[PDB]
Structures are given as structure tokens and as C-alpha cells.
């Protein structure tokens, strides 16, 4: 996972800027350099064309530092003369990354003459003129298709004298037309060049503050630390994403410390009067958020969690805490952004070799590892799960596949078994195993602003990050020894998540907590405004607008889509109510649309399509005012990362 250089730009003064582009390395070279992390060849130019094999982007060297965007390079090293080169600067919040610039490269100078005329140099050596709009943007003289600007993030935005005004990072669009340019000002680069240690619990301040606790899981941050706070006379609230963890901590304190704390969950609530409360983020929200004068300290545990409820809970805390009388909010996680996973007690970790009986993502599984006992194998796709469970059964093993669409009772409670599953198991299941085998491949949700007619919710296959890695291997060694086998080390904990998550929050907020869109915004704003958390593109105003227009949802449909656990229960249920009210069928007849089963014989004609949540089987009309509303929301200036 190294970044390699596959080309370069020469940027000099004669529009007065001239640029020349030069491809220098193909796909074989990029893969090899990327895998070895070694590049022995000479370097040159003011801008570098960078590659992660799949995708490509730019980097500009200024003051001996090769700068580029975080949304392209992440936490990756740069291939170098001697081997991998680690980042010298890194800010997900600034969407910025920097390495020491390879020798042979030339620097551009920052602009200190405050020009209005701006010039973007693309990956193809095109110079695009613009005019400055405030601090981080420019209005293009000639609007252009957004497609022409993709792959050029990290390129320089120049003044008429050739100094760098900023780094191109995104386009501001009007339904696919790029009207303006968004960039990282050079002034941001200076600030970043000046910057640690959260290892131990923050002290309780005299006035409200947010603090941080970065320590391993089970280390006691969820048990010992609350007790230490309470023993000083404070009332403590501990929030976790899962029911099992919440219940688990309560039971521990009882059995081990002889302390019986309060427990609040949807499935079980126990109030004892103690000064320590354990709750889920979900139950915390359903309870109305922060109650006045109830707690001195709120600990937001597992704050690397980017599921909708976790984000809403955390953002609610950060918005309401101070006013409710809290002295200290603690944001606690083992895997903060940019961090690696570290070994965990009792869990042996052993990379897979190339020898065995069952091929597995470029490695092999020996039968010995899984014959006898209970084992969990993570596969990236339904298709692969079925294939593998089949192959194992033909070798005399009790193997069984699990993915979304199947029940969890398919998994025997005891006796020998090999479960081969997707991440669907995480939400769907609770129990654990004697070992985990991990393909280290992650499938994540993404939104595509596709304009066919509006937005599409689809997926992405990416290398596993530290958070994912921890979750999967956490499925073994619960209370006792476990074993974790893997194909590769992943990437460091991601500092950035997709816009589709925002969509998920507004959906969940409305579906599960009756939150108004304007109110969901306030809470997400708190989340964004707090440093040290994962960041996102600011599409809050966009998503607020579209959900505001989705009025008068059929309650019965919303109920069923909720039972069925649809990640976007509200968007689905809503699509179903327009179809029903139109006497039209759903876009397909996937299980997604169960709720419309009984009415099938009564529906016909084209479906009024609002957005795409999956494949389309039936004829569709783009006519519904619901479609036109969402579509006109997308005409408003929308920042698209490039």
C-alpha cells in the first residue's frame, strides 16, 4: 500500500502559465513499486502524478514538501530510493498530506500577493482560469463538465506570477456542471507545519471541556476508569454502541468489583441508584439525550464507530452536554484516526502461509486449522461464502454460510462448525469462536451523485482499515484464548468517511427517533466541529433539504422496513408510499420491497423513481414531483471531491 509516481508535470512561466505533462510508468511498474515501496529512478518536475494502482491523482511540492490530498493518499507512505517514506504532515480535517519531496523535484513558491485571477493546472497539463471567491474557492470563467476535473485533486492553483495560491481538492457543481473550484489555501499548509499523548484519563476540569482517551480495549477504560471518576464523587455515564458490550460491563463491575451499576438498553433496563450508568447510544437517544443535572462525566466509548446511531449519539452529547451541566465529555477509543491495530490479550495473531488445502485470497487455509471446534471465516461477498462453505462441506466439515438475507438461527449454538460470513454477522450475531480467518477485504456503502435521475446508493470494495480489523478479530478470544489468521495487514484507522453516512444519519434520525432534519443537522454540526473524530464532506445542507421534502410517509411501511433492518429504512419506506399512492409497482421485486407484496396485483405502469437503492427491473418515469424536488436539490451548489 504505497503511493507511486507514474508521471510528472513541468510548470513554468511563459495566460502566462505553461504546463507540460509526461507519463513515465504503466500498471506493472506501479504495482511493483507500490508493493515493494521502492523507487530507484530519478525524479523531476514541480508536480507529480501519483497512483495507488486503482486510482490516480496529483501532488505539488512546495518548500521541499510534496503535498497532496488526504482523500486520495490517506495514511500511506510514498515509494522512495531506500524504501517507503512516511508522511511528515497529515490532516484529515484539512484534507491534506505531506511527504518529504523526492530529490530532483522542484518547489513552487507560495503566493503572498493576494491575486483574484487564479489558474488550475490539471493532470493533463491544461491551465483552467478562475476568479477568487472568498478564501478557499474560485469561480471558473467557463463552466465545464465535472468529469474533466476528476483525477486532478492535489494539483496547483496558481496566481498570474506562478506562485501557489492553493491545492485543488474539489469542484462545486450544479448537477454535473462544475461552476467553481475549491482548494486548500497555502496558509493552511503553514498552520499544519506546526503541531499527542492521550494515553491516560483526562482530569475533571472546573468548566466544561472535551477530553480524549486513546487506550487499548479491555485495558479498563470502560470499567476501571469510570470507577476512578466515581470514587472521586462524580456521577458517570458510559455509552457504547452494542447491547452486549453495555450489558457486559455492568456484569463485570458486579461480579468483580461488587458494584451494581445502572443499565439502560432497549432490551433490558435496571436502575439501582448507583453513580455509574451504562447505556447504548441508541437508548441514550430514545431517552431524549442529556437530562438536566444528571451526570458530571459522559464517556463516549468506541468513538471510532461511524454507524448512524453512534454518530448521532456522540453528536447529541457534544451539542447538549455543557448546557445540561456536564463537566467532562470523554471521547474514548482504542483506534483513533491514523492509528494501527495493536495485539490484544490472549489473541494469537498468525499470518496465513501459501501452503494448505483451501485457497484463500492469495494464501491458503490448512484443514488442520478448522477441523474440530468452532471457527469464523470472513468473506467479502455472498457468492464467495456459498462457494467456500460448499468446498468445506465436501471435505467433511460442518460449514454454513451467512450473509444479509438469511436468518442467524442458521448458525448452530454448539458443536463443531465453520461459519463463513460477511460483515453482516457483526450486527446480526453476538456469539464468538475459537478462531477468525480474515480476508482483510472490506465492502462499504457509498453514494454516487449519478443524475439518473438523482443519487445512487451503491458499494465499494476497499482494503480493510484498523477499525474493521479490530471488529472482526474481536469475534474470538472473548474471556479466553483465541486465534486470528489473516491475509494481510490492512490500512491505518480511516480519518474520513463517505457522504452516504450523513444520509444514513438523517434516515435513522427520522425513522427511529422522529428527529426533524433541522435537528439532525445541529447534532451533526457538533460532531463535525469537534476535533479528533472522523471527518466528512459538508453535505449537511444538501441532505437536510432532500429529507425535508420527503413528507407524509406511510407509517405501516416504515414499520416493516424497520423490522427488516434496512440500513435506509426511511428511503425505502418512502419509495414504497409514492408507488402505492401512484398505483405503481416498486423499481424491482427484491425483498427490499416486501411491504408492497399484497398490493402487487393492484399496481401497474412505470414506477416513479426518486433515487436508486438497487437494480431496476421495471419501467420507470422521472415524472413525480418527488423526483423533481430531489433533482432540484442537486442543482444547489454541491461540492464533489475530485
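Positions refer to the first chain, counted from 1.
The stretch of deposited sequence separating residue 206 from residue 207 contains no residues lacking coordinates in this entry. Relative to one another, 401 to 409 and 461 to 469 have unequal mean CA B-factors, and 401 to 409 is the one with the higher figure. 96 to 104 and 109 to 117 differ in mean CA B-factor, and the higher of the two is recorded for 109 to 117. Of the candidates 122, 494, 147, 521, the one whose C-alpha carries the top B factor in the deposited record is 147.
In this structure the maximum Cα B-factor among 217, 440, 530, 310 is found at 217.
In this PDB entry, the Cα temperature factor of residue 414 sits in the top third of its chain's modelled residues, the highest group.
Sorting the modelled residues of the chain by their CA temperature factor places residue 613 in the middle third. The deposited CA B-factor of residue 641 belongs to the highest third of values across its chain. In the PDB entry, residue 224 places in the middle third of its chain by CA B-factor. Placement of the Cα temperature factor of residue 351 within the chain: middle third of the modelled residues, per the deposited record.
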